[PDB]
């Protein structure tokens, strides 16, 4: 396809195992490598689009996980 599977913006290729845009790529890396201690102000089902993806990092990080992102995807595609 051509759209990020997390936020629907224009994907820039496959990162951490998932067709995503560049903003979701570095968001995930940051969330996964530090704490991801986020709280949703809604009911854990926020809509995450190009502009709203900024509102709710809890729900953004859940959609990254749901789309299959994982740090070791490179090492894992091998074998």
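Take the two forms, superpose them, and find the largest set of C-alpha atoms that agree within 1.5 Å; that set is the rigid core. Residue numbers count along the first chain shown, from 1.
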Between stretches 28 to 36 and 43 to 51, more displaced by Cα RMS in 5 other deposited structures of this protein (rigid core superposition): 28 to 36
Which of 65 to 73 and 5 to 13 strays further in 5 other deposited structures of this protein - Cα RMS after rigid core alignment: 65 to 73
Segment of higher mean CA temperature factor, 23 to 31 or 43 to 51: 43 to 51
Mean temperature factor over C-alpha atoms, higher-scoring stretch between 12 to 20 and 63 to 71: 12 to 20
